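Chains as they are written, first to last, in the authors' numbering: chain Y, 1 to 40; chain X, 11 to 750; chain R, 53 to 194; chain F, 368 to 441; chain H, 63 to 227; chain S, 588 to 660; chain A, 2 to 148.
Don't be surprised by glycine CBs; every beta carbon is placed ideally from N, CA and C.
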Ligand code: CLA
Ligand code: CLA
Ligand code: CLA
Ligand code: CLA
Ligand code: CLA
Ligand code: CLA
Ligand code: CLA
Ligand SMILES: CCCCCCCC(=O)O
């Protein structure tokens, strides 16, 4: 597990995770607060 | 000499320790990164097993295991298609009304207004019209419900897990020894009979028991949800007997050699089914039955462990003559001790097969309600043509790799391999001359027609109205195969395809297959294809012959396959390697295939595809290929510009995704011209200035940022160049043909 | 050591012939002749294209490029660990012993070699191009 | 005429501008004396050459990433 | 007001753009049965459209004859006339996150510098320490200024390698 | 320069045809620049010489294609 | 053997390849590199080269006036500049077909001609020119200046 976690830390894996979370966050934000053209 | 299973127990251990050590495969990249190049290197050198080690036992085990995973991902892809066609699809709705309902099997989430992509494909469904021809494939498989698709999907996923397990088992557990892999006589004997022969016979079983009765009932008008389920045909002989009376006898006619009795499910009708517009399913069953007996017998030719059989090594050596020196003696070892030699030969035939399949499938639509689905036909023909063209280019690349890595001057003394490397300047020179001739005598009679038309002299042009150049040879072969069934092939009730000639198959008021007529423009476009095919071969063949040496740089073999240039001397020696002959032979492949797909797109829309009206048929473009294709302007005004209207006006409609991709494709294609027209020297220094800014604010990265290698930039540009152009055509074709 | 003299009657290796050898330059301009001494009859790869069986003892092969001869020289010096030597036969017959032209293959230091093209300053101590402008002389050479 | 005259000059102007910088680079190599120009405004330009080049990089990226992003967005 | 840009609330074209756009979806709703998922979906698109084409006007988005809302960049114009929510306020929001990302990155870079082999902590990222520095960038502006007013944000000009002039 | 001379031409073609709203709207998105400008205006030039005849714009159609040839070369 | 084409570059002159012909046309107006170049000689050569460019400009302008006068519609266009289309020159193409000869007869002519987009007409009108003679006189004058 020490070496599996090392692999899950490599750049390609970490970037895949970080982006997925960021993408999902934006998607979910528009899902509940849609059409955000202005900050009102 | 004994053919036996040889395996080494538990060779590679299964651990993640290597997973955490990037570059463990290469002695050079195991030392970690110090420049940003290592990142791009550990990927550009991960599948090159030959580079990782010198043992051909390990390289083979890696190759054998790799293939397994590939199969696994293929299964996953296939299983996903069935699942998406099981839950998110309109297959069942399409079954009832295949003509007026467009296939759809991709539904987008309702977000960022992307729900517009879910267009009204008809049948109470709003999704994305697919062009993969899976609905018509499932129909001809008998699938009449989404429970037979769900089960198949699950089965594919199970197979996937078996494949990856097999790859790990045959690598980390029971790893075959080299002596196992080098039994070519055994492989061919088992791949011809066991794989191809049994694979066809097993299909001839399904087609005869499930696909034929189900399709007959579907074409008879029976509701899909009222047809007896497949198994009932197998068990209940009465049902199958009613559909095919020959099941009243049984398997007796076969053993009694009275096969004739089975002339109701095994026939040589020929042509297309008048109801569905696709090859009769009965004829396909008979084909797979025959193809099987052939392959099964072919599997008993090469010698294995007993005595009967042939020795490929002896055969090759036996074939030598008064002009080719020693002959094919010495190729057997090359093709049993090299993976690059085998791959090259395999890719070439495999890629060519893909193009041949595309020509046959479109000419003789094999699936029900396929020809009237114009988008599916076009999308399939264009697809296979590319998939194949790429393989061929790979065949040239690996051939060169073997020449610079696995060629041994000692084994090849007077082989037809040394005797060709010894006249490379005659082969190349003559091919160069024919390319120039074909060039002027194919593209010139196009500029001539352009100039003569522009100068207002349209009687001095090369057309069916003026100086005609009809393809007489192609026009005679068309007639020898249209009148073939009445003479050459009596048993065949009709010709192989309507393309050769005859009436026009119409299904649902649309042209399934219409006799294609070849005129001056066909002659002109066909010779244009020849010129491109010849050029592409010249670039790749030149790379293979001089892959080891040439008058310029007589030691390239010692330099490698992927080496940028020997130096700026000798008046410049850039792109001398065989990788750079593959790099350029990709652009020409794109140019060669692009004209072919455009030729098919225009010819068909103009001379085949259309609606059969009272007295006459209305073609998508009103039959303007003949007079409009003899000039380059006609290919821009009546093809590119005219047919580009659908994609440029797809915005706001379900097809708006293609308009966006159409432009996005232009951007990718153009973006590629920054790596194909530039040089690292400029980027490396530019990066130096950027690093300075970073080092001032103390934000400089520990790994040294380095510009892409000379070879890398060549690869990045060609990759984006091909991706952009093909994507542009994919959007164009799909939005044009789906809209019209 | 005495600059070896070419024996133009030296057995030549066995080779059927290739459309990749000498052209008009060999006669109108010049050509080169590599020579070596084998221990056994062995197949080698020609720097022009193909394979050839070297003969036992004296061997002689002719090329139209020095790099081609030197290529074969390194091949023999490495694959067969031989000590090949090549000349430059001008159209008048003037043979000029090209390699090693000293007896000691270039890489090895040997007293009796003068220093040619040797600047005794750091590459970054060369003058500005303006100092050599209109002088028709390179900054490095000046 | 109006259209073909604007396009003519605007293109000719662009080629002329490329020549301006072009000959400027030739000046730096063929005719620049680093010892005579010592501390002059011309020699204190190469001193912050990275500053000038890098700052031109940031502006280009900013203009590029955004100008295009608001076209794809639309 | 501003540059002849009429408020979308008083923009007739904006109203037509609503009428014609909801009509184009109320003609795609008819070719579907009242309860089908196709129809539940097209009715959500009509509701979402009618909400957006009103949230915009209620935000006082001035639009031209085109009927498409326009944005004001000048801080004085945006602030003086209550158009700060467009561009102005959004500007700082990005700047804060942008500097946050950059500051956290430099914090990590300068920690792995020194540490054993700094080059192998850029490929195999130390997710633990990377997760202990993310929140440290919340008050990045406070820390960044404290570094300017201490001469530690930048490097000395006699410690940065420069290309030969 | 390509972008500047394309902006002049469209801003002005829309000015001269009287359809200023055409530019005031299509220019906002890039798709408008291609279909409403390059594709729409190219309709006549490309028809300088067609299988039915030729008009005074034949030289420009011939040059238009000639330019593409030199550019690709 | 050595050639004479690249007189300025002896290296190119001695070049046995074809590159000597290509470079000989390129390194031609880079006197600063020419074999045996003095600063004064360089300036004198450049100064004379400037005169040559000035001869071309005036000769080029004279040709435009001549063709506008000999093969143009200036007086007609001047009468109706908002209807008549300025004619640049005539198309004597020994390859033109009859439809090409017909379609290119425009702007009021008796043969195939080319309408001008240079805008010389509008300019020459505004500055005082009204007849074809004004153009002929100007062309001769500018031609003399070029000489
Ligand atoms: C499932 C458990 C498992 C474990 C713990 C290991 C562990 C190991 N394997 Mg291994 N292997 C496995 C399963 C496993 N394998 C299976 C199922 C197969 C059959 C395909 C293989 C086939 C295989 C080969 C041929 C080789 C190894 C090798 C190795 C060793 C080093 C290479 C490595 O794995 O680093 C990590 C590698 C990766 C993380 C790459 C992942 C590639 C996988 C197979 C599929 C990825 C494809 C991807 C989806 C393509 C699409 C990308 C696109 C979407 C962008 C290492 C100790 C190498 C070795 O023996 O050492 C020299 C070796 O050559 N394995
Ligand atoms: C009747 C015997 C038989 C059959 C049917 C096959 C079939 C196949 N072989 Mg094969 N082979 C055989 C005998 C046989 N072989 C013998 C005797 C040898 C030793 C001389 C080899 C050595 C060999 C090599 C080196 C390779 C193959 C490969 C392949 C696959 C081709 C790749 C492909 O198109 O994937 C298409 C996939 C399918 C058509 C689905 C069928 C897949 C099944 C599960 C394969 C089962 C084959 C096996 C003999 C069955 C027993 C397995 C059992 C022990 C669990 C294919 C499925 C290639 C490969 O492994 O690809 C991954 C390859 O690299 N074979
Ligand atoms: C069964 C077919 C087959 C097989 C087994 C191989 C096997 C091999 N090839 Mg190969 N090749 C093939 C077909 C095949 N090839 C074909 C058809 C072509 C013609 C295009 C090529 C052209 C080719 C070249 C030019 C090279 C190889 C090389 C190699 C070797 C190492 C490859 C590598 O480094 O992995 C690494 C794999 C990658 C780095 C992936 C590349 C990145 C992909 C392709 C780009 C993404 C494409 C995709 C459309 C992107 C989608 C969009 C994106 C945003 C996600 C390896 C043994 C290399 C070699 O051995 O030279 C010494 C080499 O340079 N091949
Ligand atoms: C429009 C762009 C363009 C054009 C016209 C060509 C043309 C040609 N390429 Mg090429 N190529 C291109 C782009 C282009 N390429 C690009 C972008 C790449 C990068 C991938 C390549 C990469 C490439 C390779 C690797 C090779 C070629 C080769 C060839 C030649 C093939 C031999 C032939 O058919 O001769 C026929 C001539 C023509 C088809 C040109 C037609 C022009 C007309 C007919 C001439 C009429 C002139 C007329 C007399 C008027 C004279 C007026 C007077 C003032 C001169 C050919 C001339 C091959 C080659 O060199 O020859 C074997 C080859 O090896 N190309
Ligand atoms: C359509 C073709 C094209 C495009 C789009 C560009 C674009 C660009 N060029 Mg360029 N160039 C081209 C052709 C092209 N060039 C050609 C043919 C040549 C002649 C060889 C040159 C020669 C050239 C030089 C010499 C230079 C440039 C430079 C630049 C950059 C200028 C700075 C900028 O605007 O940053 C804006 C950034 C963008 C517009 C990128 C958009 C953001 C990306 C696309 C999104 C991120 C990825 C996304 C999420 C998904 C994609 C990746 C994913 C699949 C993983 C810019 C990105 C300059 C430079 O390098 O900048 C310092 C410069 O020095 N170019
Ligand atoms: C990014 C560059 C930039 C540009 C091009 C402009 C341009 C403009 N600004 Mg401005 N502004 C900027 C940045 C910029 N600003 C920043 C960063 C701030 C925050 C400090 C402000 C805060 C600001 C205010 C408070 C006002 C302007 C105003 C104006 C307009 C007229 C004022 C003037 O003469 O010069 C530019 C002025 C400044 C840059 C700041 C000083 C404030 C001005 C001088 C007071 C003028 C008031 C008066 C009503 C303006 C008459 C304009 C005329 C049409 C009647 C003008 C078009 C005026 C306006 O039109 O709003 C109603 C105004 O009131 N700006
Ligand atoms: C800690 C990461 C980091 C930081 C703080 C910076 C900071 C900076 N970069 Mg930079 N850059 C980075 C990463 C980073 N970059 C990476 C990974 C690349 C390769 C794609 C680049 C490529 C790049 C170029 C080409 C340029 C800059 C430029 C600049 C400067 C202009 C300001 C700006 O708008 O940012 C610009 C940032 C970009 C253009 C792209 C980077 C954006 C990424 C997403 C941020 C990095 C996040 C990082 C992975 C987080 C690590 C966290 C850790 C725990 C793992 C600025 C000081 C410009 C400059 O030099 O100004 C003179 C410029 O020309 N950067
Ligand atoms: C296709 C030509 C047939 C081969 C001729 C062989 C003659 C012989 O073996 O004597």
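Exercise. Roughly how far, in whole angstroms, is the beta-carbon of residue 105 of chain X from the beta-carbon of residue 154 of chain X, given that I think they are within contact range, below 8 Å?
Worked result: 6 Å
For this session: Taking a Cβ distance cut-off of 8 Å, strictly less, list which residues of the segment 590-621 of chain S are near chain F, in chain order.
Result: 591, 592, 595, 596, 599, 615, 616, 617
For this session: Using a Cβ cut-off of 8 Å (strictly closer), state whether residue 119 of chain R contacts chain X.
Result: yes
Problem set entry | Closest by C-alpha distance to residue 8 of chain X, when choosing among X/724, X/356, X/529 | Coverage of chain X is limited to positions 11 through 750, which leaves residue 8 of chain X absent and any answer about it impossible.
Exercise. Within the present structure, is the beta-carbon of residue 557 of chain X separated from the nearest heavy atom of ligand 3 by less than 7 Å?
Worked result: no
Exercise. Under the DSSP definition of a beta bridge, which residues are partnered with residue 84 of chain R?
Worked result: R/115, R/140
Problem set entry | Straight-line gap, residue 612 of chain X to residue 182 of chain H (C-alpha atoms, nearest Å) | 56 Å
For this session: Please decide whether residue 649 of chain S counts as near chain X, where near means a Cβ-Cβ distance under 8 Å.
Result: yes
Problem set entry | For residue 165 of chain H, the three-state DSSP class (helix, strand or coil) | helix
For this session: May I ask you to report which of helix, strand or coil DSSP gives residue 97 of chain R?
Result: strand
Exercise. Hey, quick one: how far does the alpha helix (DSSP H) through residue 92 of chain A stretch, first residue to last?
Worked result: Note, residue 92 of chain A: premise wrong, no alpha helix (DSSP H); not H, not E.
Exercise. Pick from X/454, X/573, X/95, X/124: whose alpha carbon is nearest that of residue 113 of chain X?
Worked result: X/95
Problem set entry | Contact set for residue 154 of chain R: own chain, Cβ-Cβ below 7 Å, skip 5 residues either direction | 162, 165
For this session: List the endpoints of the continuous alpha helix (DSSP H) containing residue 100 of chain A.
Result: 99-104
Problem set entry | Which of helix, strand or coil DSSP assigns to residue 82 of chain X | helix
Exercise. Where does residue 19 of chain X sit, in a helix, a strand or coil, going by DSSP?
Worked result: strand
Problem set entry | Chain-ordered list of residues that sit, by beta carbon, closer than 7 Å to a heavy atom of ligand 4 | X/442, X/445, X/446, X/448, X/449, X/450, X/453, X/454, X/457, X/541, X/545, X/548, X/549, X/594, X/597, X/598, S/656, S/659, S/660
Exercise. Once you ignore the five residues that flank residue 502 of chain X on each side, which residues in its own chain have a CB closer than 7 Å to its CB?
Worked result: 278, 280, 495
Problem set entry | Cβ contact (3+ pairs, closer than 8 Å) linking the segment 405-412 of chain X and the segment 643-658 of chain X | no
For this session: Measuring alpha carbon to alpha carbon, tell me which of A/109, A/103, A/119, A/102 ends up nearest residue 376 of chain F.
Result: A/119
Exercise. For residue 179 of chain H, which residues in chain X fall below 8 Å Cβ to Cβ?
Worked result: 42
For this session: Using only alpha-carbon positions, find the residue among S/648, S/656, S/588, S/653 that is nearest to residue 628 of chain S.
Result: S/648
For this session: Have a look at residue 97 of chain X and residue 349 of chain X and give me their C-alpha separation to the nearest angstrom.
Result: 42 Å
Exercise. Among X/14, X/33, X/136, X/56, which one has its Cα closest to the Cα of residue 94 of chain H?
Worked result: X/136
Exercise. Rounded to the nearest angstrom, how far is the Cβ of residue 124 of chain X from that of residue 117 of chain X, given a contact under 8 Å?
Worked result: Contact flag wrong, Cβ pair sits at about 11 Å.
For this session: Measure from the C-beta of residue 381 of chain F to each C-beta in chain S and report whether the shortest distance is under 8 Å.
Result: yes
Problem set entry | Proximity of residue 188 of chain X and residue 70 of chain X at Cβ, strictly below 8 Å | yes
Exercise. In the DSSP assignment, what are the bridge partners of residue 147 of chain R?
Worked result: R/141
Exercise. Sorted by chain position, which residues of the same chain lie with C-beta nearer than 8 Å to residue 164 of chain X's C-beta, five sequence neighbours on each side aside?
Worked result: 89
Exercise. At a Cβ threshold of 8 Å, is residue 427 of chain F touching chain X?
Worked result: no
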